Structure formats: C-alpha cells, structure tokens
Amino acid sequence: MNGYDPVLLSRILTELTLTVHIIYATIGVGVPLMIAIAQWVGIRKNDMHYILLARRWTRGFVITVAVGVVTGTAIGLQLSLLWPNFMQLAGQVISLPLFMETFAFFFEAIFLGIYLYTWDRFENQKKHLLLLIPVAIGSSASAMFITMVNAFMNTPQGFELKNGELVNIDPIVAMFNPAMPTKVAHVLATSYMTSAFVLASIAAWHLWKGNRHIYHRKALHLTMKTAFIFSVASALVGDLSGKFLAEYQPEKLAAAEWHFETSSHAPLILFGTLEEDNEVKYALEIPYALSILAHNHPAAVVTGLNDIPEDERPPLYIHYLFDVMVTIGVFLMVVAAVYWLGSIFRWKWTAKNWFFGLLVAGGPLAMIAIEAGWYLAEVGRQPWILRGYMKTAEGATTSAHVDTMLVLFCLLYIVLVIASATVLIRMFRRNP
C-alpha cells in the first residue's frame, strides 16, 4: 500500500482537480461563441443592447477564465506527477496536442485582450466582431486539441511497442484517432449548449426577479433558441458517439446500458439499479436505438459485456451517469424547445415563473450533465489503460504525500469555487 493507495488516491485527486477545472472551462469554450453571436446580432440589428450583453458577459468571462487557468495549471502539472510511467511512454505522443490547447488559448487570449482593451479606445463594432471571431475559434481549437488527447487515450495508434517502449510515432494518426471526431464534436456541442443554458439561467433569474425586460428578455429569447439548437446537435453527436462506442468500445456502452448479454435487438434502459453483484431492482427499459436509425438495421448485434473480460470491464455504476447525462439532455432540450416556441411564439408564457424557474435551473443542470458525462466517458476507461497502454495500477508513485496534498488541493479548490462564485455574483449585482 506504499505504492498502491496512490492508484486510488491519485484518481481521486485528479477527479477533484479536473472536476473543478471543467466548471471554469466549458464556459471558456461556449461563452465566447455566444459573445461573438451577441455582438454580431447587436451589429446586424443595430441594437446596442446585445452589444452590452457581449461585454456584460466578457467582464465575467475573464474571472471564469483565470480560475480556469489556475486549475488548468494544477492538472497540467498533476498529470506526469501522479502518472509518471504513463507519460514515460505516451508523453512523446501527448506532448503536442496538450501544447496546442494552450497555444490556441494564448492565441485567443491575445484577441480577447485586444477587444477587452480596444472596445474602450478604437473604432467601430465590426472591428470588435473581427476580434471576437478569433476568440471562439481559439476556444474550440483548445477543445479540439486537448480532447484529441483523451480521444487518443481511449484509442491508439501512431506508435509501436518495443518490449514496453513506445516509439515510431505518427502525430496525426495518434491525434486524429477514431474517437477524436465524436469526442471533439460532442464536447464542443455540449459546451456551446451548456454555456447557452448558463446565460439563459442569468436572463431568467434577472428577468424573473427585477423584471428589467430591457436586456433580460432579449437575452433569454436568444440564449434559449441557441441552446435548443446546441442541445439538438449535442444529442445528434451523442447518438453518433454512442454508435462509435457500440462499434469500437462497447465495454463502456454495455456497462452504461447493462448489456451483459450480446443480442440483435437489445433494449436501452432509462433508469435501473443493479448493485455491482447482479441485483436488478428498478427496471425501466425500451427497445434498441443505436441500430435502427444509427446502423440502419434494428437487428445489428450489440456486443455484450460478458464477452468482455472482467479484468477488462469498467464498473456498472456507469449506467446512472448515462441516465443523468442523457435525461438532462432531453429534458433540457424540451424546456428549451418550449420556451421560444410556446412561451414566446404562441401563448406568451415567458413572464410565467413556471418557465423562469426551470430556465434558472437550466445551466446548472447542463453543467451537472457535463460532470456526469465526463465521469461516464472517463470511467468506462480505467481498465483499458492497464493493457494496450500500461498498467494503471503501475501508473502512480507514493501514498503518504498524495493523501495530504489531495486534501490541501481539496481545500484550495473549495475556496476557489466559492470565492469565484461570490465575486462573479457580486459583479452581476453591481450591474456594470
């Protein structure tokens, strides 16, 4: 246990860091797009209220960004620290994208900084749109490149194993692996979406309470509509990624949907409870999706989990996450799909609290679905790294340091999150 506790403690710490990181990140990814769009709408419409929401957002986008950065550094460093032998092999291959994430981030950060400190000096709004285009591009570029890491972690190749030593590396093969498309896509979509619901959750708060129709109805009207779109795309690329899994890594998917047994027409599950050792409790399941319109043939035989080695299978508590993530997906999509439809273009329900409440919950639900989803996609992953890559069990270092540093960091982040939330509310209540 002087070099096995960390096998767990590390996982635990890393979770605690990155879990935080993401709160301050998908915002970093989705917000700038929304900002760009708001500017663009304000410009195209000559409505200098949207143009106020762009900066009204940016002003906090900053604070989000920084907290993002520090946690980013944290994880960045923690990487090789907690998992040396991993990087001993794969570092050669991961090095680049990881860099390109932050490069893309600096590239965006320049223009972000320009807009931030030229919108109050130099000329014309288009010339500030053109500064806000590179930002979102650089944001999504981060995600592309950094996700290419995870995507690669999930799947080879671009390497060769000389009795353990990883060599003969092709950049773009390892970078542009089979998972990369679905990862990049689903991640971008479910991060445009998330922030899209996050802004709606401000507009619905501010509009619900001190009903300054002014910005706060326009905000909702846009953010909700875009949120709908992004949730739809998100779901599409969800089905896509699911199909990818069903074809290439059903170890996850079969654990997500508890398909121990391999079959042609295999029903999905809405929610259940199988305690790790075959204890089927709540059982609500429907016939199969990722075959009928995905594979175009309902009787496409889904691989079963039994057919996966039990040293190669991930946990069964994964299902719950799929439930969470997907159901949030659909529900939230519905809320979105109604708001603009029914609450605006039909029966003027906007001013009803019955929406504003749900729309206040909107963003938090999405972020939850984010954390959940990440847990799902990453935890279906623990028992493969130990094979085609290298033993997870033999990836960590020492115990009596990690256990404490974990708690130090725990505290640190606890403070971060809270403080950030506080300041980030204070600002909005100051109304600049």
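One rule holds for the numbers: they count along the sequence shown, beginning at 1.
Participant: Do the CA atoms of 188-196 or those of 213-221 have the higher mean B-factor in the entry?
Facilitator: Result: 213-221.
Participant: Quick one: say whether 143-151 or 254-262 has the higher mean Cα B-factor in the deposited entry.
Facilitator: The recorded data point to 254-262.
Participant: Highest Cα temperature factor in the entry, among the options 339, 106, 122, 228: which one is it?
Facilitator: Of 339, 106, 122, 228, 122 has the highest C-alpha B-factor.
Participant: Specify which of 86, 356, 176, 244 carries the largest Cα B factor in the deposited PDB entry.
Facilitator: Most elevated C-alpha B-factor of the set, per the entry: 86.
Participant: Of the three thirds of its chain by CA temperature factor, lowest, middle or highest, which one includes residue 323?
Facilitator: Its C-alpha B-factor, which the entry lists for residue 323, ranks in the lowest third among residues of this chain.
Participant: Lowest, middle or highest third: where is residue 400 by C-alpha B factor in its chain?
Facilitator: It falls in the top third of the chain.
Participant: Going by the recorded CA B-factors, say which third of the chain residue 384 sits in, lowest, middle or highest.
Facilitator: Answer is highest: the recorded C-alpha B-factor places it there.
Participant: Can you tell me whether residue 248 has a C-alpha B-factor in the lowest, middle or highest third compared with the other modelled residues of the same chain?
Facilitator: CA B-factor rank for residue 248: lowest third.
Participant: If you rank every modelled residue in this chain by C-alpha B factor, which third holds residue 183: lowest, middle or highest?
Facilitator: Ranked within chain, residue 183 CA B lands in the lowest tercile.
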